[PDB]
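# Structural description and commentary
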Amino acid sequence: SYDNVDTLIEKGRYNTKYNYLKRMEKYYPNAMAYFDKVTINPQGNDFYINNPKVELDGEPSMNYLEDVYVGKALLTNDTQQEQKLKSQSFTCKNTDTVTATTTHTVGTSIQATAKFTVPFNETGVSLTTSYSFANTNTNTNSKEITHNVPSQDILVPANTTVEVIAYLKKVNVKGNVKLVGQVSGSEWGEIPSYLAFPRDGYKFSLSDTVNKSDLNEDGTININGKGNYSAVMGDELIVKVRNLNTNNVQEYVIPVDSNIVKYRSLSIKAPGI
Amino acid sequence: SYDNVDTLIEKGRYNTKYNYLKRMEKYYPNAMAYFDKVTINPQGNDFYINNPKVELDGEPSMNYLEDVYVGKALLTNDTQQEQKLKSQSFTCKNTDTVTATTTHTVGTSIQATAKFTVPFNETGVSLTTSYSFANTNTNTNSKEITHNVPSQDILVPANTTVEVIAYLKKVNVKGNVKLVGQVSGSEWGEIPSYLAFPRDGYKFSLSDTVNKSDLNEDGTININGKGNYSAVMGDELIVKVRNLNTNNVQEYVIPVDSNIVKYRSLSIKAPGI
Amino acid sequence: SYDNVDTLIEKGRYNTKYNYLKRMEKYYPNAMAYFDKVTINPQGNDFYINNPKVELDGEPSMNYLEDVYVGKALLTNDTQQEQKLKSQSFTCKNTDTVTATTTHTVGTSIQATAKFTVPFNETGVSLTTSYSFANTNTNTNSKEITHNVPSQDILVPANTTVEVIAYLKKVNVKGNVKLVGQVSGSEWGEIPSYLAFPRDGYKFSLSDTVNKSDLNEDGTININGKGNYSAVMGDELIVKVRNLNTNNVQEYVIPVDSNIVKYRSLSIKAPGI
Ligand SMILES: [U]
Ligand SMILES: [U]
Ligand SMILES: [U]
Ligand SMILES: [U]
Ligand SMILES: [U]
Ligand SMILES: [U]
Ligand SMILES: [U]
Ligand SMILES: [U]
Ligand SMILES: [U]
């Protein structure tokens, strides 16, 4: 259980080149001193990260960022009794975005990717990016959403005008992910024959660079990288209605009903009932 | 109907210099090849953009940005009945600003300007800048506003203290303008006499660089540039009162009544009536 | 009363070097002309700023910046009568920070510091930094706060589900400080003997570089520097409950009860009572 730079672990080439000169120490006593005059030429691998998944390192933090104005309406009840009065429908085209960086890669050597869906729906519109395990990429996805607020029925007391403001709250969800998976496989190369020294075909596994305890059953080895994200997305649609005689304001959420969000038609009471 | 770089269109000097060498093709067959050995020297113009107006390319977007704290008050009713209790008056000096850039000029050659008033009043205080049609200028205007909230009468139930918070909502209105107008007039210059070549006084209109269809009646030609803006301005003044026994909060807008905004004196009910 | 660069005032070395050559004008008429061939070597001081205090140059400005989501809860009353229903407790670890710069030092020469506590408590958690009088330092202090919201009792009408959102308002308090205090003391040095010129041990006070009127009783002299700040801190904890039949939302402040803020357990009415 546990490991973070595939690249540092692949320096178990160091093992092949050392043990190599160690045999040669019998044939010539100054063997170790030739450490860098002897080149070691990689020629391939089947290195692979299995079941790459991104997951939440910590809980997400959420801030209510801004409110988007969506619409306005005066509704006028010049009657001696209370009336149901209909507001107009609105359309807001608003964009939900997320941007996602890899902060600590998992080594550079082996490529991998994994989708991550933003842990905040609240509208019916999900949002996904991905992370690259092996370089520090900033990827950015997004989605235009059209919120269709239909007419609302608003009870308005007698001799009251009423101001109706509608707005879409936005929320900014930030957090830290960990990139994880189970690395397998081997490299094969050659320590080419130098002067008196013999050629040496090699093949090391990554299993054999750590410890049989750290290693799993199935033979792979766990890796972790780091990554952050920051998304901005719609939350509730609010309708605030204000009675222009008393100036009291009452607040209402208009609930939800591709990339088109339709909202319920509600009947709601203005302050003064 | 339609055109965007006066400057590209003024390269109907190219027309005068070409047609010029075209006549000379009879007298000498290698005329076109002297295209850049022959200089063309402008000497004046009465180019002019008529009725320059800025106008809204798209609807404005509005975000409720921040709330400015304006004041606080505890109001205490240690009586066995409900009392009208007066809050203190406040003054807030707050600044409404707008900044405005030209994003795609209309060509560099001819100067023009046009005022633009920010499409959001909501306080009694308007805000205007302008755009330069011919260079990418950022201009910034602003206005200090002093909001004078008088004493408010607050009904407070028996044996209730009440906390009153007042604040000014700010709103951030951003959008895209288009700079428009009707260009007229001409340039006059000279293709000075070179070696065997004769001098050639010229005068071309801008009308004669496009197409009689695109041209208007009156003879001018329509132009468009681009421009954005971003203003931050006051919207409603809110008074929130909280009943300290139940902790319910009720919300109220205090309506409006040079660069001094006076607000109404309202009578309002604390939660608990 | 009044003074702002100790450093400009210490150029009453200029006084010692001038008056010095003024005596020499008798012995040789071209004395003033040697002004910079004569070196003046400081060797010490007991300069000191007494009772250094930071204080508020203007009132603070406060913006409600963002709301931190703290928790969510559905509470369901599938009974034919009204029920008290308990929400779950939450923990929010949130950080209150302040950053503070010195904008106009008070001269570079003499060191001093003074603590400044942020003029906004509202949680039970104060916040302090300091200012350096003599260089333009940005210092930043902060405090993790854990807000412990216990279970709340929420009256919920019959056949009503109810959504409960809890959030912590943050506020951004910015303003300008003035760094003040009463400077005392002296420098002593030497105008070393050059060619025909005699050595001259000196000791000037700072008192004797301005005017006996500006000077105080006790002999010191008032100084002022400038400095700004910007803190971000928690204000009220809000619980908003929404009745899912009518969609009305009522709002509530949950009042406060080291770096651990415990909150009251309230009994509150959902909309619909
Ligand atoms: U995991
Ligand atoms: U919700
Ligand atoms: U509100
Ligand atoms: U237009
Ligand atoms: U309004
Ligand atoms: U509120
Ligand atoms: U003072
Ligand atoms: U408060
Ligand atoms: U609210």
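Structure determination for this PDB entry is given in the record as X-ray crystallography, at a resolution of 2.60 Å.

As named in the PDB entry, chain A is EPSILON-TOXIN, taken from Clostridium perfringens. According to the record, the entry carries the title "Clostridium perfringens epsilon toxin shows structural similarity with the pore forming toxin aerolysin".

What follows covers the overall build of chain A. Counting secondary structure elements, chain A contains two helices and 16 strands. Counting only C-alpha atoms, chain A reaches 115 × 30 × 30 Å along its principal axes.

Roughly 950 Å³ of volume is contained in the largest pocket. Lining the largest pocket are 34 residues, with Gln250(A), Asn248(B), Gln250(B), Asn248(C) and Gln250(C) positioned closest to its centre. Of all the secondary-structure elements, those providing two or more residues to the lining of the largest pocket are β14 (248-253) and β16 (267-269) of chain A, β14 (248-253) and β16 (267-269) of chain B together with β14 (248-253) and β16 (267-269) of chain C. Residues of the lining of the largest pocket, tallied by class, amount to 14 nonpolar, 17 polar and three charged.

After a rotation of 120 degrees and a shift along the axis of 0.0 Å, chain C superposes on chain B with an RMSD of 0.0 Å. Seen this way, the second copy is the image of the first under a three-fold rotation axis.

Here we take up empty space enclosed by the protein. Unfilled space is identified by rolling a water-sized probe across the atoms. Taken as a whole, the second largest cavity holds about 80 Å³ of empty space. Together, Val249(A), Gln250(A), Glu251(A), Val249(B), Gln250(B), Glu251(B), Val249(C), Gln250(C) and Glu251(C) line the second largest cavity. Where the lining of the second largest cavity is concerned, the elements lending two or more residues are β14 of chain A, β14 of chain B together with β14 of chain C. Each residue belonging to the lining of the second largest cavity can be placed in one class, and the counts come to three nonpolar, three polar and three charged.

As a further point, take the packing of aromatic side chains. For the structure on display, the rule yields 27 aromatic pairs over all chains. Plain terms: the ring middles of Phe116(A) and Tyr229(A) are 5.0 Å apart, the flat faces sit at 65 degrees to each other, and that makes the pair edge-to-face. Within this pair, whereas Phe116(A) is found in strand β6 (residues 113-117), its partner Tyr229(A) is found in strand β13 (residues 221-243), the two being separated by 113 residues in sequence. The exposure classification of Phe116(A) matches that of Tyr229(A), with both residues buried. With centroids separated by 6.2 Å and ring planes inclined at 20 degrees, the aromatic side chains of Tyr14(B) and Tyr18(B) adopt a geometry described as stacked. Here the residue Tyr14(B) and the residue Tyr18(B) both occupy positions in helix α2 (residues 13-27), the gap between them amounting to four residues, near one helical turn. Taking the relative accessible area as the measure of exposure, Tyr14(B) reaches 47% and is therefore partly exposed. By relative accessible area, which is 36% here, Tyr18(B) ends up partly exposed. Its end group placed over the ring of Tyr64(A), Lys169(A) keeps NZ or CZ at 4.8 Å from the ring centre.

Our focus in this paragraph is the pairing of strand β3 (residues 61-77) of chain A. Relative to strand β10 (residues 160-184) of chain A, β3(A) runs antiparallel, the two being bridged by 14 bridges. Bridge assignment links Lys72(A) to a residue of β10(A), and that residue is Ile165(A). With two bridges connecting them, β3(A) and strand β3 (residues 61-77) of chain C associate as antiparallel partners. Directly across from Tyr64(A), in β3(C), lies its bridge partner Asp67(C).

A few words now on the environment of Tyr167(C). Its place among the elements puts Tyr167(C) in strand β10 (residues 160-184). Once the C-alpha coordinates of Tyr167(C) and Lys212(C) are considered, the two residues, 45 residues apart in sequence, prove to be 59 Å apart.

Moving on: the interface of chain C and chain A. Listed as interface residues are 16 residues of chain C and, on the opposing side, 14 residues of chain A. Every element with two or more residues in the side of chain C that touches chain A is listed here: β3, β10, β13 (221-243) and β14 of chain C. Here the residues of the side of chain C that touches chain A are counted per class, giving six nonpolar, four polar and six charged.

For the rest of this paragraph, the subject is the environment of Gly12(A). Residue and element names in this part refer to chain A. Structurally, the position occupied by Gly-12 is in the loop between α1 (6-10) and α2 (13-27). The exposure class of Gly-12 is buried, given its relative accessible area of 6%. For the pair formed by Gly-12 and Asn-41, sequence separation is 29 residues and the distance between their alpha carbons is 13 Å.

Let's shift gears to the sheet that holds strand β9 (residues 153-156) of chain C. Residues and elements named next belong to chain C. Spatially, β4-β9-β16 is the arrangement adopted by the three strands of the open sheet, whose pairing is mixed. The open sheet has two edge strands with one neighbour each: β4 (83-86) and β16. Neighbour to neighbour, the strand axes of the sheet diverge by 30 degrees on average, direction disregarded.

Before going further, it helps to examine the interface of chain C and chain B. In this assembly, 14 residues from chain C lie in contact with 16 residues from chain B. Those elements that place two or more of their residues in the side of chain C that touches chain B are β3 and β14 of chain C. Of the residues contributing to the side of chain C that touches chain B, the split by class is eight nonpolar, two polar and four charged.

One key point about sheets: their strands pair by backbone hydrogen bonds, in either a parallel or an antiparallel sense. Residue and element names in this part refer to chain B. An order of β4-β9-β16 is seen for the three strands of this open sheet, with the pairing classed as mixed. Edge positions in the sheet fall to β4 (83-86) and β16, since each has one partner strand and no second. The average undirected angle you get between the axes of adjacent strands in this sheet is 30 degrees. With four bridges connecting them, β4 and strand β9 (residues 153-156) associate as antiparallel partners. The partner of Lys-86 across the bridge, within β9, is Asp-153.

Quick look at the domain arrangement of chain A now. Residues and elements named next belong to chain A. Assigned domains within chain A: domain 1 (1-47 + 185-219) and domain 2 (48-184 + 220-273). At the junction of the two partners, domain 1 supplies 17 residues and domain 2 supplies 14 residues. Tallied by class, the residues present in the side of domain 1 that touches domain 2 amount to five nonpolar, seven polar and five charged.

The next thing to look at is the pattern of salt bridges. Throughout the structure, instances matching the rule amount to 21 salt bridges over all chains. A salt bridge links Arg242(A) to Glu163(A), with the nearest nitrogen and oxygen atoms 3.1 Å apart. Highlighted residues: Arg242(A) in strand β13 and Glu163(A) in strand β10, separated in sequence by 79 residues. The buried category is assigned to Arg242(A), whose relative accessible area is 8%. Assessed through its relative accessible area of 11%, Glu163(A) is described here as buried. For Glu122(C), the salt bridge goes to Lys72(B), with nearest N and O atoms at 3.6 Å. One end of the pair, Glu122(C), is in the loop between β6 (113-117) and β7 (128-132); the other, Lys72(B), is in strand β3 (residues 61-77), on a second chain. Residue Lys72(B) is classed as partly exposed on the basis of its relative accessible area, which comes to 35%. The structure contains a network of salt bridges with shared partners spanning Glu163(A), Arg242(A) and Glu236(B).

About the thresholds
Residues numbered from 1 in each chain as written, not as in the entry; some residues may be left out. Chains lettered and ligands numbered in written order. Heavy atoms only, no water. Residues with missing side-chain atoms left out of burial classes, pairs and counts. Helix = DSSP H or I, 4+ residues; strand = E, 2+ residues; numbered from the N terminus. 1 Å grid on protein atoms, 1.4 Å probe; cavity = no way out; pocket = protein on both sides within 12 Å on 5 of 7 lines; lining within 4 Å. Points joined across faces, edges and corners; volume = space filled by probe spheres on them. Nonpolar A, V, L, I, M, F, W, Y, C, P; charged D, E, K, R; others polar. Least-squares fit on C-alpha atoms. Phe/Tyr/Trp six-rings, centres within 6.5 Å; stacked < 30°, edge-to-face > 60°. Buried < 20%, exposed > 50% of the residue type's maximum accessible area, 1.4 Å probe, protein only. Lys NZ or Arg CZ within 6 Å of the ring centre and 35° of its normal. Pairing = 2+ DSSP bridges. Contact = heavy atoms within 4.5 Å. Axes fitted to C-alpha atoms, helices over the stretch in contact; angles between N-to-C directions. Domains from an automatic or database assignment. Salt bridge = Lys/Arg side-chain N within 4 Å of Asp/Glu carboxyl O.

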